[PDB]
Amino acid sequence: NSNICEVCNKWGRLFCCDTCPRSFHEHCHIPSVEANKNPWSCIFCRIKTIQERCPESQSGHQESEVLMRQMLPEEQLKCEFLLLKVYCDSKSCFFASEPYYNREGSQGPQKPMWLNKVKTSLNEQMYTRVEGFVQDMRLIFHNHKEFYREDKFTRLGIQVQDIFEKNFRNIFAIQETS
Ligand SMILES: [Zn+2]
Ligand SMILES: [Zn+2]
Ligand SMILES: [Zn+2]
């Protein structure tokens, strides 16, 4: 197994996966690492298995169809994974915790959002469809863009959104286009 967290790339108190070499801190894994379960499989492994069990799930889908899906166990897991994929980028630190807004010539967003809030929402099963999750994720980056305006810091929003969007298209096998 690995000696650093797959998500945050640090050593510490790690829990090792039984079916692959990855390792995680307890609250870096999504969901948080389970109390017992021997063997244990991580979220990467559990996603692999869904794809192997249904090979045609990798065929192209329309975004619109994927968003209307109900949050049944397998879509809940893919959303969890997609969220984990964003936390794997170090720049996620700017979007993790609750923001505040006091900049000359800007107003705060009507609906603030951050990664840890979406984590808690997924944890508490507050989304009934994929759409609710995706909307809150996009809202994070949209809020950033509108607030920081021409300040070059807006680039951080574009960049982490791109990681979100790429992984969205991969996990949910969105039809490739030109
Ligand atoms: Zn970690
Ligand atoms: Zn694994
Ligand atoms: Zn099948």
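What you see below is based on every heavy atom in this structure, not just the backbone, and it leaves out hydrogens, waters and symmetry mates. We're numbering straight along the sequence, starting at 1.
No side-chain heavy atom of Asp136 sits under 4.5 Å from any side-chain heavy atom of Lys117. Contact annotation: the side chain of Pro31 approaches that of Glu34 to within less than 4.5 Å [non-hydrogen atoms, C-beta and beyond]. Side-chain atoms of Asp162 and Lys166, non-hydrogen and from C-beta on, do get closer than 4.5 Å to each other. Residues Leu122 and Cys79 have side chains in contact (heavy-atom distance under 4.5 Å, counting atoms from C-beta outward).
Residues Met126 and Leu67 are members of separate hydrophobic clusters, defined by side-chain heavy-atom contacts under 4.5 angstrom among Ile, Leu, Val, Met, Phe, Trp and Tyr. There is a path of hydrophobic side-chain contacts, each under 4.5 Å, that joins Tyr148 to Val160. A single hydrophobic cluster is seen to contain both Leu156 and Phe141, as judged by linkage of ILVMFWY side chains at heavy-atom distances under 4.5 Å, directly or through other members. Grouping the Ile, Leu, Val, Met, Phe, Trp and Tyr side chains by contacts below 4.5 angstrom, directly or via other members, places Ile140 with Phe81. Cluster membership check: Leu77 shares its hydrophobic cluster with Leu82, using side-chain heavy-atom separations under 4.5 Å among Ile, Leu, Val, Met, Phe, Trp and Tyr.
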Audit row: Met137, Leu115, side-chain contact (heavy atoms from CB on, under 4.5 Å) steps and yes/no: CA-CA 8 Å; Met137 292 292 284; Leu115 298 163; 3.8 Å; yes

Check against side-chain contact (heavy atoms from CB on, under 4.5 Å), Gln76 and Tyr127: CA-CA 9 Å; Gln76 171 84 26; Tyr127 301 116; 5.9 Å; no

Worked verdict on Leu139 versus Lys111 for side-chain contact (heavy atoms from CB on, under 4.5 Å): CA-CA 8 Å; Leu139 183 59; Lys111 193 167 162 213; 3.9 Å; yes

side-chain contact (heavy atoms from CB on, under 4.5 Å) assessment of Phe44 paired with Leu84: CA-CA 10 Å; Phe44 292 82; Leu84 181 135; 3.8 Å; yes

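Remark: the backbone N or O of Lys119 is not paired with any side-chain donor or acceptor of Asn123 at under 3.5 angstrom. Looking at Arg129, its side chain never comes within 3.5 Å of a backbone N or O of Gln70 through a donor-acceptor pair.
Expressed to the nearest 0.5 Å, how far CD of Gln58 lies from CD1 of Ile50 amounts to 12.0 Å. Note that the CD atom of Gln161 and the CD1 atom of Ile158 stand 9.0 Å from one another [nearest 0.5 Å]. Residue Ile47 holds its CD1 atom at 10.0 Å from CG of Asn170, rounded to the nearest 0.5 Å. Separating the CD1 atom in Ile171 from the NZ atom in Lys78 is a distance of 8.5 Å, to the nearest 0.5 Å. Distance SG/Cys88 to CD1/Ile30: 8.5 Å, rounded to 0.5 Å. To the nearest 0.5 Å, atoms CZ (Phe172) and CD (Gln62) are separated by 15.0 Å.
In this structure, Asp151 does not pair ionically with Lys145, as no charged nitrogen and carboxylate oxygen lie closer than 4.0 Å. We find that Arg138 and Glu165 are joined by a salt bridge, their nearest charged nitrogen and carboxylate oxygen being less than 4.0 Å apart.
Taking each heavy atom of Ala173 and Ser57 in turn, the nearest pair found is CB-O, 3.5 Å. Closest approach of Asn1 and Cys20 over heavy atoms only: ND2-O, 3.4 Å.
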Considering only distance and modelled atom types, tabulate donor-acceptor pairs under 3.5 Å from the side chains of residues 92-104, sequence neighbours left out.
residue : atom : partner : partner atom : Å
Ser92   : OG   : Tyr87   : O            : 3.2
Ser92   : OG   : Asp89   : O            : 2.7

Run the side-chain donor-acceptor check on residues 2-16: report pairs under 3.5 Å with partners two or more places apart or on a different chain.
residue : atom : partner : partner atom : Å
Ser2    : OG   : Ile4    : N            : 3.3
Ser2    : OG   : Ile4    : O            : 3.4
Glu6    : OE2  : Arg22   : NE           : 3.1

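Other residues, nucleotides and ligands place more than 12 heavy atoms under 6.0 Å from the NE2 atom of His61. Other residues, nucleotides and ligands place no more than 12 heavy atoms under 6.0 Å from the CD atom of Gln107.
Residues meeting the side chain to side chain donor-acceptor pair (under 3.5 Å) test with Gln175, sequence neighbours left out: none. Taking the ring pair (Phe, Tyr, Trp, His ring centres under 6.0 Å) definition, one finds that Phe164 meets it with nothing, sequence neighbours left out. Evaluation of the salt bridge (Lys or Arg N to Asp or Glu O under 4.0 Å) rule for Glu65 yields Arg69 as partners, not counting sequence neighbours. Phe133 pairs by the ring pair (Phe, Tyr, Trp, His ring centres under 6.0 Å) definition with nothing, not counting sequence neighbours.
A centroid separation of less than 6.0 Å is found between the aromatic rings of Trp40 and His29.
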